[PDB]
Structures are given as C-alpha cells and as structure tokens.
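Trainee: Before I ask anything, let me first share the structure, which is written out below as structure tokens.
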Amino acid sequence: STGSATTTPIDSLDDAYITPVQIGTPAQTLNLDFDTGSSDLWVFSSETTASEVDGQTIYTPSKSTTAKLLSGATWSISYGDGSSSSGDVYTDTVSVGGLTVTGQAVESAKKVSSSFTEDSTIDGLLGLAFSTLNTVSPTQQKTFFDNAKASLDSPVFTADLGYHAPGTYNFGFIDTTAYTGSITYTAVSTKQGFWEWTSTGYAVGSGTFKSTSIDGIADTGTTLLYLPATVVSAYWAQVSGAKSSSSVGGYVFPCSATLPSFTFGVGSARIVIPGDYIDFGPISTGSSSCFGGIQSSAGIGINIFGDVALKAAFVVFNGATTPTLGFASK
C-alpha cells in the first residue's frame, strides 16, 4: 500500500504545516501537524476542556462506530517549546492520503496548553519519530507509520515541505519526480528516539564550506533551524545590523536586509537554504526588526533541522531495519 497527502502552511510565515487526516467511521477529518520530532497522535476532542477549544475541529469518539476506549490508558506530553497536552486514549481507524491503519491509538486531549488553544488551525499532532518516545501509559503505543510499515510497498515516508506553498507527505514510496539529482542517504541514531543524524558541515552565502560534524534531528514539527552558537554567529555576522536580542529571544535583523543563503552538508552532498527562507518577518506588527530563521541551539541541548532546513530538500525517512535519512535537492 501507499498514501499521499498534501501538507499546507498554516500562515504566511510557514510557522507549521497541516495535513488532513481521516479518523473514525464515518470519517472525521482533522488537520494535524505531522511531527517527526515526537511520537504521539493526539487530537482536540469532545473531551477537551471547553475553555481550551477556540476554533479547532474536534474528534468525537462517540460518533465513530469503530472507536474503542483503550481502557486505563492515559498520555501526557511536553514539547521543546514549553507547550503540553494530556488525556485518555481510543483506538480507531486512521487514514492519511488513502493509507488506512486500523486500531491506531488516537490520544484524546482532555487538557491542552495555551499555545494549542490559541492556534485555531491545528487540530492535533501526528507523531512520526520512533515509537519508543510515545507517552501512553501503562502500555506504550505505536505511531501511525510504525503500524502502517508492514503493509507499505517500501518502509519509508517522505517529507516535501513547500516554501510559502503546499507540499506533500508520501508513505510507502519515493516519488522520483519530486526531486532533482540523486538522494544522499546518511546514518541515523535512534538512541534518543529521534531521526538523529550528523551533518558534514556548512557554508554561509557564497563562502567556503566548513567541514565539521553537526549532530541534530530532522524535525518537521519545529519551525526554525537551531544550530550551535558558533555556526549561528558566523551566519548572522554576514547581515548588517543583525544581533542577538535577549528581550526578543533570539537573533533579529533589519527587515530592510537581504539575507544570505545557508548550506548544510549531507555526506558529500549539499543542501542550500535560500536567504528568503530565513526571514520570519517583523517581531511585532509594524516593526522594522525581523526575526531570524536560524537560531542558536545552545539552550536546547540538541541541534534541530526544523522546517527552515527541511523545506529546502526532499527528505526520505527510511524506516528499514536499520533506519537512514535521505536528502535531495528539489
């Protein structure tokens, strides 16, 4: 089997991407944030505290003939941005782009933190990291990809995120028309539950490439590119007037600037992020200070190849017995 679904930016900045997902019988379509940095499929629901729902579409298990309470199971998750959610668990039929999994754990939110409530465009998350990170207790549950894998033509999914435009998540096949050149594959460590890999270095603009190992995670659920402070300083030093602002929470730059590109290495190959992809617009409405799309990871504990990096590439998440990642230009 295979599946193919379009993913769409939630706003003009590509702050996140939503993909329609069919849950239950008859289908209830919710727009979920596919997140290769986590491993829970959770949704706004008829159980979510009413004051914490503000425009989201909800899953109502009582209206699904295939929903079953997973008795005794609870979940609770906290994300790197400080947001969180928790609740109970149903199993139900879940389909993405024509690919159907029966018996998928659908984690129903009873509580969500303010950032989720305040984002009316995201109805939940669909985790695509390794199932060892799934938070369901006392019986840990499998991701949608893990459940689908055996049925797929090939045990892979691909992320093809757009810049200010829709893109595609494919399951079970590699669309050879969706990228240019060849795909360069690189080793993955699953020791932390992430799609963790080692970039071979970077360049800023037209500058020379610096060969240096940068361990980090391919994370579709993080907006920006978070890299070591040395790398980030070398980038922003090429932008007149750019500075790190403690009050704003990162590097800012004059909105009048033209930003240089940023290149990262994948083995001997190179992925180029155009400068425009690094512009996240005014820090507040009407400001002439703009927020940068490359930020320091120094306070995180891990480097994160988020959407800013991934949307410059066609990315293969290879879930074979030994997982690997593939990157191609496009």
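The numbers used for chain A are those of Swiss-Prot, and the residues that appear cover 90-419, in sequence.
Cβ atoms here come from the backbone N, Cα and C positions, even for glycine.
This is the feature table in Swiss-Prot:
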{"type": "ACT_SITE", "residues": "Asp124", "note": "active site"}
{"type": "ACT_SITE", "residues": "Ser288", "note": "active site"}
{"type": "DISULFID", "residues": "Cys344-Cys379", "note": "disulfide bond"}
{"type": "DOMAIN", "residues": "106-417", "note": "domain 'Peptidase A1'"}
Trainee: Would you mind reading off the Cα separation of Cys344 (disulfide bond) from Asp124 (active site), to the nearest angstrom?
Mentor: 30
Trainee: Just to be sure I understand the packing, how many Cβ atoms besides its own are within 10 Å of the Cβ of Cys344 (disulfide bond)?
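Mentor: There are 14 such Cβ atoms around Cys344 (disulfide bond).
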Trainee: Measuring Cα to Cα, how far is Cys379 (disulfide bond) from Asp124 (active site) in Å?
Mentor: 26
Trainee: Around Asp124 (active site), how many other CB atoms lie within 10 A of its CB?
Mentor: 21
Trainee: If I restrict to non-local contacts, at least six residues apart, and a C-beta distance under 8 angstroms, what lies near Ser288 (active site) in its own chain?
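Mentor: In sequence order, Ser302, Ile303, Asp304, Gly305, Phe353, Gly354, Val355, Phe394 meet the Cβ cut-off.
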Trainee: Please report the number of other Cβ atoms within 10 Å of the Cβ of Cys379 (disulfide bond).
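Mentor: 22, counting other Cβ atoms within 10 Å of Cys379 (disulfide bond).
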